[PDB]
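Each chain, letter by letter, is given below.
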Amino acid sequence: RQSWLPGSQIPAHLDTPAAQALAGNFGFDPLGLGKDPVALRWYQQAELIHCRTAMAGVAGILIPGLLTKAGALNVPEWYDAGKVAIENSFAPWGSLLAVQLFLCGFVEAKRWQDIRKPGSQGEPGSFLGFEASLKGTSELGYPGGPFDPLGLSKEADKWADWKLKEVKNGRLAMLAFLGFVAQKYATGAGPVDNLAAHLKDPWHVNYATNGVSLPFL
Amino acid sequence: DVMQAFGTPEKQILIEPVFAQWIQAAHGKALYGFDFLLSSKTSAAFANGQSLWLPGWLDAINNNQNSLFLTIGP
Amino acid sequence: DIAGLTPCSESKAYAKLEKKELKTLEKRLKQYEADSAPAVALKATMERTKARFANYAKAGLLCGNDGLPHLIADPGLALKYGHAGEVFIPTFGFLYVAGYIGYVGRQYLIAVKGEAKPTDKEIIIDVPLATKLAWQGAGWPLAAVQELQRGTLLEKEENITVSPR
Amino acid sequence: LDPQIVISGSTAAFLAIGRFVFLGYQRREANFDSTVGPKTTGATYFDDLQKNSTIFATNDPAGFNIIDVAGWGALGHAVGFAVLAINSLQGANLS
Amino acid sequence: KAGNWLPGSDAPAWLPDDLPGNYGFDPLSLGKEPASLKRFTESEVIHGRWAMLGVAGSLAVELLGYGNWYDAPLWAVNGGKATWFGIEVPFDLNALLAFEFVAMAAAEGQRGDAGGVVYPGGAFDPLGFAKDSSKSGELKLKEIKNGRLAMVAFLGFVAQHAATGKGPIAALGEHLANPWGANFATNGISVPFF
Amino acid sequence: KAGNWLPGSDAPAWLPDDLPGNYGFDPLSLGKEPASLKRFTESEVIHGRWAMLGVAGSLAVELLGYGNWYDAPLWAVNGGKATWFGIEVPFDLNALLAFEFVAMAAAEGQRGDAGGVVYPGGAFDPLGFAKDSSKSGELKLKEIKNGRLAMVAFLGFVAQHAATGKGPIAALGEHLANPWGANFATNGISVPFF
Ligand code: CHL
Ligand code: CLA
Ligand code: CLA
Ligand SMILES: CC(/C=C/C=C(C)/C=C/[C@@]12O[C@]1(C)C[C@@H](O)CC2(C)C)=C\C=C\C=C(C)\C=C\C=C(C)\C=C\[C@@]12O[C@]1(C)C[C@@H](O)CC2(C)C
Ligand SMILES: CC(/C=C/C=C(C)/C=C/[C@@]12O[C@]1(C)C[C@@H](O)CC2(C)C)=C\C=C\C=C(C)\C=C\C=C(C)\C=C\[C@@]12O[C@]1(C)C[C@@H](O)CC2(C)C
Ligand SMILES: CC(/C=C/C=C(C)/C=C/[C@@]12O[C@]1(C)C[C@@H](O)CC2(C)C)=C\C=C\C=C(C)\C=C\C=C(C)\C=C\[C@@]12O[C@]1(C)C[C@@H](O)CC2(C)C
Ligand SMILES: CC1=C(/C=C/C(C)=C/C=C/C(C)=C/C=C/C=C(C)/C=C/C=C(C)/C=C/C2=C(C)CCCC2(C)C)C(C)(C)CCC1
Ligand SMILES: CCCCCCCCCCCCO[C@H]1O[C@H](CO)[C@@H](O[C@H]2O[C@H](CO)[C@@H](O)[C@H](O)[C@H]2O)[C@H](O)[C@H]1O
């Protein structure tokens, strides 16, 4: 029974067989946000969407950042790319965002109705014959079907392992983005530039000496 | 009161009556610069009444020596 | 500017107010020595006075004809012109703390109702339980909403005593 | 505007619609006052002052008695003078 | 049932299945009372029929080059004379109100006494499209769907003009000129923070 | 079964053997439900037939020297007169849209009410090639394979034009001239680096 803190008392609601079926369950819930079984089902979906969104976004800040330093690309800092892109753009940011909310809202709305009634989007005739493939799988938050082109979710032996990798990289990615935001205000430089500075002189270039994080010292 | 006693009148909490000052703008009081309804010379409300009673009403409301919609503050 | 106000940094009366307060402090200073205890205290006050007037001007507040800062309460006007820190942001700052205190107290009150003698758990506080509930209250807005949707936040009308009518 | 045409014209329209359009509807709503009942049941002078002592019978086929003529004629006169008064405000100097 | 407004949802019980144009859309449960639903059923058809005439009329005026729907009554203000298809009309505003009030009172009063009739037929269906009374289901569905579409369109006419000030045809031409730079997200009115 | 898209793999159960063009290719199981498969079977043939006409028209225009498929409709936006085989056509953009919309709506409307007929025959088969049942089986396979090839080919025209900004026949000649110098890798867009 792996736990975030050995010797601590795991919350009872996280030890139930339903709770232990969740990937990445290390008994971490000190504030008791998941005590209600109905709430935990909703928060699990929130983590998956935050996990997957964070991984896509971090990959879009980090991989372009390294290649930019390597000289294979020329991409501005993630906190400047918004301004640079909108200049040589076919639309203003107001129009671009409004479309984004229609498309994301429509797609998100279908996902929302599946949380309320799992498998309800396979209603015959609701879509133009495509509703059959929108039923999802038996596990909420793992749609599969058209979202799994290579069919990696059809191997029962590897299923639990895959879900653990996703949540682990997802949680790490979520913290990475929080680090990008905190390191922009703290240091006023890019993520890869901050890493370069730390590696040069680790013992003098860190948050303990940035003059922000520890105001008392 | 404590701020005044300690000699720091700039530390007190003075909240501008924006909601009431916004009503006075709708009636034609141009002091607050909202340029709203009767305070704006391009609104339909300003134009339609401009031949019946607004010239007299606007003249009185913007006279600060009478009690017609006194200026208000914190 | 807004409602006829002007930025304090550009206000003539605001600048004159700072001189009056510093002049009052300086007048008392010249009756002491250079580095005596009273003189050091007065100099410290003058430094805080100068800092205070710089901070309010730097914050971009609005001053009236009185030359004193005025606050903007309408959310639309605050977010429109960057006055969110006067009333709007502190509004949600207070509610989080106020809900924190109220939610923690309600959790403790429910906890002891199950005990044999609830009354003795109110005059004599169960400190180990109170500290446990004190930390878990940081997530009260999430817990509070979930209770509302599950229908366990409110008592039933039939379980509440009322007077004859 | 010619007052004779406007006032007479409006009155004719309001009498025409009242007699031919809303007479049926008006009578049905008048019976909704019958469901509640009579105001008083007494035999004193002050109780008699609350009863339909005089019933205004009419020879008109539809029952368009004088009280109805006064009601619909008044609306026509009221509308007629509103039209005339508003139209008078055109071409008014210093008014 | 003509469909499902929210796929995967459950249709409200109080909405009868055979009601034309029933997609199960009633988030606020306004039709829960049977008596209220009966009135609402008639009002939707009447609102839609007027909207269909209004949208057809509003587009027709500007397509033929006679102005937009908003400018049409300005002659009665400035002092000009009415025109229809370019043919001068001999009436003035005060006269027009007389014919309309009397004419509409007669028609609407006659309809009102019918006690909720919404598909009269007879003299109102001279060609006998709905004389069958069995195949009318599709025609009733087609009428309501075009009626709902017209009601949404007319709200677009009013909302769009209040924001940009141009006629519906002029607005369409401006969208096609620069679809990404000319839309509701570019008014400066619809979305204050854009 | 026509064949196998991935040798050494199993055929999906839901795909009938006698369905023309059946290679057992349904990785996403989009046709698992019989209702969905029926609609998609018709749509593939309809897409194929349109693509085959589209590809032929795109190649014919450039082979005969009248331009490329991309810049044919530029005269409308630029301002000019339509042409067909070099002979002027009097219609303008507004006239073309109205007639196309009416004609296509009438023709497509008739097909819509059929219920999903993919191989009508009769009036559409004047020469009666597919009258015989045995012969029709192989002709249907030939139609879909050429149709599938045309669908891919048209996707090639659009994708190649975006990368190179040239017509299909122009690109083919360019590739032949310098096969190792002109290709998708060398256009500077298909491969991110280099
Ligand atoms: C994840 C969302 C997101 C974030 C974090 C940012 C962040 C940023 N953008 Mg970018 N943008 C984002 C989405 C988008 N941007 C743009 C378009 C632009 C432009 C045109 C510009 C920026 C600029 C900037 C940067 C400078 C400050 C600024 O303009 O802030 C304003 C914007 C934000 C702070 C976005 C915050 C969104 C947030 C994630 C909402 C979350 C709400 C949820 C309900 C969650 C609530 C819970 C809490 C705990 C998070 C800043 C780093 C500017 C720049 O580069 O300056 C040099 C700039 O000019 N962005 C688009 C296209 C419409 C976006 C679409 O999603
Ligand atoms: C307590 C009540 C109250 C009152 C009296 C006002 C009053 C005002 N607000 Mg505020 N507002 C309030 C609460 C209130 N607000 C709340 C609770 C919110 C949400 C947190 C907002 C959000 C808000 C925004 C986003 C905006 C305003 C604005 C305004 C001004 C004009 C529009 C308006 O709201 O008209 C009277 C108010 C009401 C009928 C109550 C509801 C008001 C809604 C929420 C906002 C309406 C905005 C409007 C559509 C903007 C159009 C453009 C404008 C320039 C004409 C006016 C000074 C606008 C402004 O800055 O104008 C200069 C503006 O853009 N308000
Ligand atoms: C009947 C549908 C309809 C259509 C086809 C249009 C079309 C148009 N509108 Mg209008 N509009 C509509 C309804 C519609 N509008 C409604 C109901 C409102 C009130 C909320 C508005 C408010 C409005 C404003 C404020 C503005 C426009 C503008 C425009 C133009 C640019 C696009 C845009 O920003 O749209 C805005 C679109 C919306 C706010 C959402 C409309 C959603 C519709 C009703 C969905 C209908 C069902 C389905 C999804 C689509 C069917 C399409 C139809 C052709 C059959 C364009 C000509 C802009 C313009 O003039 O630019 C030059 C502009 O400034 N519209
Ligand atoms: C979604 C997300 C990030 C998304 C980022 C995106 C889309 C970025 C996009 C772009 O960058 C690109 C690619 C390119 C740029 O040019 C433009 C932008 C647009 C900027 C982060 C979430 C980040 C989410 C974070 C950090 C959440 C952390 C939560 C924690 C720690 C919770 C802890 C606990 O709640 C538990 C679990 C249990 C309780 O009992 C106890 C407590 C302690 C309360
Ligand atoms: C938008 C509208 C109604 C919309 C209603 C909605 C969305 C209701 C939604 C819901 O309730 C449901 C269903 C179910 C609930 O559980 C939830 C909510 C959400 C509450 C009606 C428009 C109704 C619109 C109508 C009737 C318009 C009529 C227009 C006419 C006659 C115009 C005539 C002229 O335009 C000409 C031709 C020429 C010009 O020159 C002169 C004039 C006079 C302007
Ligand atoms: C590529 C394409 C579709 C490809 C679909 C694919 C790969 C689907 C694959 C799969 O789904 C399967 C099978 C099974 C699933 O388990 C897996 C996936 C992977 C999901 C369609 C093209 C379809 C292409 C079509 C219909 C093209 C039509 C073109 C026309 C009419 C052109 C006309 C003109 O060109 C002229 C003649 C002259 C010009 O001047 C003017 C214009 C107007 C441009
Ligand atoms: C017999 C007969 C007939 C005829 C009839 C007639 C001809 C009638 C008439 C009637 C009339 C002719 C009536 C009238 C009435 C009136 C009235 C009743 C009035 C009233 C008024 C008022 C009340 C007013 C008021 C006012 C004033 C004083 C001032 C200003 C304001 C106002 C306007 C408000 C017929 C052929 C049809 C049929 C057969 C039989
Ligand atoms: C610019 C556009 C402006 C439009 C303005 C419209 C004004 C409408 C005023 C209506 C005045 C009342 O008139 C209307 O009352 C009743 C409907 O409510 C109808 O009368 C009927 O109504 C009842 C309720 O539906 C029915 O049960 C009864 O059979 C009957 O009493 C009248 O026959 C009709 O004339």
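Per the deposited record, determination of this structure is attributed to cryo-EM, with the resolution reported as 2.74 Å.

Moving on to the overall build of chain C. Within chain C, the secondary structure is distributed over seven helices and three strands. Starting at the N terminus and walking to the C terminus, you meet the elements of chain C as β-α-α-β-β-α-α-α-α-α. Against the compact-globule benchmark of 15 Å for 165 residues, chain C has a radius of gyration of 26 Å, which places it well outside the compact range. Burial statistics for chain C: of 165 residues in total, 28% are counted as buried.

Now for the interface of chain B and chain C. Listed as interface residues are 17 residues of chain B and, on the opposing side, 16 residues of chain C. It is B:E10, B:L14 and B:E16 that lose the most area in chain B upon contact with chain C, and together they represent 41% of the buried surface on that side. Taken together, chain B and chain C are joined by one salt bridge. Put simply, chain B and chain C have five residue pairs in polar contact between them.

Another point: the packing of aromatic side chains. Residue and element names in this part refer to chain E. For the structure on display, the rule yields 29 aromatic pairs over all chains. Ring centres of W84 and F85 lie 4.7 Å apart, and the angle between their planes is 70°; on these two criteria the pair is classed as edge-to-face. Residue classification places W84 among the exposed positions, given a relative accessible area of 57%. According to the relative accessible area criterion, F85 is partly exposed, its value standing at 49%. Taken together, a centroid distance of 6.4 Å and an interplanar angle of 50° make the contact between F154 and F157 tilted.

Residues and elements named next belong to chain E. Counted by the stated rule, this structure contains 29 salt bridges over all chains. Where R111 meets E108, a salt bridge forms, and the shortest distance between an N and an O atom there is 2.9 Å. On the criterion of helical spacing, the pair formed by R111 and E108 is a turn pair, its members being three residues apart in helix α3 (residues 93-113). Since its relative accessible area comes to 30%, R111 is described here as partly exposed. Residue classification places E108 among the partly exposed residues on the basis of a relative accessible area of 33%.

Residues and elements named next belong to chain B. For helix α4 (residues 54-61), the complete set of buried residues consists of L54, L58 and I61. Down the axis of α4, the smallest arc covering the buried residues is 70°, so these residues share one side. Those residues of α4 that are buried are in contact with α2 (18-26) and α3 (44-48).

All names here are of chain C. A cluster of basic residues, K16, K19, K20 and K23, forms a positive patch at the surface. Here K20 lies in helix α1 (residues 12-29). For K20, a relative accessible area of 57% translates into the label exposed.

Another aspect to go through is the arrangement of the chains. Ranked by contact count, the leading pair among the six pairs of chains in contact consists of chains B and C. Nothing in chain C touches chain D, and the closest approach of their C-alpha atoms is 29 Å.

Moving on, we get to the site of ligand 1. All names here are of chain A. Inspection of the region around ligand 1 gives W78, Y79, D80, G82, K83, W93, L97 and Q100 as its neighbouring residues. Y79 is positioned with one of its backbone polar atoms (N or O) 3.1 Å from an oxygen atom of ligand 1. Interatomic distance of 3.2 Å between a side-chain N/O atom of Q100 and an oxygen atom of ligand 1. Taken together, the elements giving at least two residues each to the shell around ligand 1 come down to α4 (81-87) and α5 (93-116).

To continue, consider the site of ligand 2. All residues adjacent to ligand 2 are B:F19, B:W22, C:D74, C:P75, C:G76 and C:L77. Positioned at a junction of chains, ligand 2 has nearby residues supplied by chains B and C. Where the shell around ligand 2 is concerned, the elements lending two or more residues are α2 of chain B together with α3 (75-80) of chain C.

Take the interface of chain C and chain A next. Contact residues are listed per partner, giving seven residues for chain C and eight residues for chain A. Where chain C abuts chain A, roughly 640 Å² becomes buried across the two surfaces, and 56% of that area is made up of carbon and sulfur atoms. Per-residue buried area on chain C facing chain A is highest for C:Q136, C:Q146 and C:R150; these three make up 65% of the total on that side. For the pair chain C and chain A, the interface holds one salt bridge. Of the charged contacts in the structure, one is a salt bridge between C:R150 and A:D36, with a shortest N-O distance of 3.2 Å. Seen at the junction of chain C and chain A, the total is two residue pairs in polar contact. Going through the elements one at a time, α6 (127-136) and α7 (140-150) of chain C are the ones with two or more residues in the side of chain C that touches chain A. Take the side of chain C that touches chain A: its biggest share by element is three residues, from α7(C). Here the side of chain C that touches chain A is composed, by residue class, of three nonpolar, three polar and one charged.

This paragraph deals with the state of the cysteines. For the structure shown, the criterion picks out one disulfide over all chains. Free of any disulfide, A:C51 has its nearest neighbouring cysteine sulfur in A:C104, separated by 19 Å.

All names here are of chain A. Mapped onto the present numbering, the UniProt feature "binding site: chlorophyll b 2" (unreviewed entry) falls on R52. For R52, the location among the structural elements is in helix α3 (residues 37-70). Residues in contact with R52, not counting those within four places in the same chain, are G141, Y142 and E166.

A separate point is a nonpolar patch on the surface. Together, E:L63, E:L64, E:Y66, E:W84, E:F85 and E:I87 make up an exposed nonpolar region whose accessible area comes to about 720 Å². Residue position: E:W84 is located in strand β1 (residues 83-84).

Structurally, E:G165 can be placed in the loop between α4 (136-164) and α5 (168-177). E:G165 sits in the partly exposed class, given a relative accessible area of 41%.

With that settled, consider the UniProt feature "binding site: chlorophyll a 5" (unreviewed entry) in chain A. All names here are of chain A. The residues that UniProt annotates with the feature "binding site: chlorophyll a 5" (unreviewed entry) are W42 and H50. In this structure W42 touches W112 and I115, once residues within four positions along its chain are discounted. Topologically, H50 is positioned in helix α3. In terms of polar contacts, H50 uses its side chain to reach the backbone carbonyl oxygen of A46, at 2.8 Å.

Turning to the packing of helix α1 (residues 34-63) of chain F against helix α4 (residues 133-164) of chain F, a few remarks are in order. Residue and element names in this part refer to chain F. In the contact formed by α1 and α4, the axes pass within 7 Å of each other and the chain directions differ by 55°. As summarised for this structure, α1 and α4 are arranged oblique, according to the angle between their axes. You can see that α1 and α4 cross each other, and the crossing is left-handed. Between α1 and α4, the contacting residues are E44, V45, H47, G48, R49, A51, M52, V55, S58 and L59 on the first element and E143, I144, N146, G147, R148, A150, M151, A153, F154 and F157 on the second.

Structural remark: α-helix, 3.6 residues per turn; residues separated by three or four positions point the same way. Along α7(C), the residues classified as buried are C:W140, C:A144, C:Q146 and C:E147. Down the axis of α7(C), the buried set is contained in an arc of 165°. They therefore lie on one face. Where α7(C) is buried, its residues contact α3 of chain A together with α4 (88-113) of chain C. Backbone geometry just after α7(C) places C:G151 at a positive phi near 80°.

All names here are of chain C. What the three strands build is an open sheet, ordered β1-β2-β3; its pairing is antiparallel. Because the sheet does not close on itself, it has two edges, and the strands there are β1 (6-7) and β3 (69-70). Both β1 and strand β2 (residues 62-63) contribute to a ladder of two bridges, which runs antiparallel. Across the sheet, the residue bridging to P7 is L62, located in β2.

Now for the environment of E:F184. If you trace the backbone, E:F184 turns up in the segment after α5. Residues within four places of E:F184 in sequence aside, it is in contact with A:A98, A:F102, E:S190 and E:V191.

Scoring rules and cut-offs
- Residues numbered from 1 in each chain as written, not as in the entry; some residues may be left out.
- Chains lettered and ligands numbered in written order.
- Part of a larger assembly, values for the part shown.
- Heavy atoms only, no water.
- Helix = DSSP H or I, 4+ residues; strand = E, 2+ residues; numbered from the N terminus.
- Rg over C-alpha atoms; globule rule 2.2 N^0.38 Å.
- Buried < 20%, exposed > 50% of the residue type's maximum accessible area, 1.4 Å probe, protein only.
- Contact = heavy atoms within 4.5 Å.
- Buried area = accessible area lost by both parts, 1.4 Å probe.
- Salt bridge = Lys/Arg side-chain N within 4 Å of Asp/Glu carboxyl O.
- Polar contact = N/O pair within 3.5 Å; in protein donor to acceptor, adjacent residues only side chain to side chain.
- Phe/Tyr/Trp six-rings, centres within 6.5 Å; stacked < 30°, edge-to-face > 60°.
- Arc of directions from axis to C-beta.
- Patch = residues over 30% accessible without salt bridge, like charges linked within 9 Å, V, L, I, M, F, W, Y side chains within 5 Å.
- Areas by Shrake-Rupley, 256 points an atom, 1.4 Å probe, with all protein chains shown as cover.
- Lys, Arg positive; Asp, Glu negative; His and termini not counted.
- Charge placed at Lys NZ, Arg CZ, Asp CG, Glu CD.
- Near = heavy atom within 4 Å.
- Nonpolar A, V, L, I, M, F, W, Y, C, P; charged D, E, K, R; others polar.
- Disulfide = S-S within 2.5 Å.
- UniProt positions renumbered as here; feature names shortened; annotations may be inferred.
- Axes fitted to C-alpha atoms, helices over the stretch in contact; angles between N-to-C directions.
- Parallel < 35°, antiparallel > 145°, perpendicular 65-115°, else oblique.
- Left-handed = near helix turned anticlockwise from the far one by under 90°.
- Pairing = 2+ DSSP bridges.

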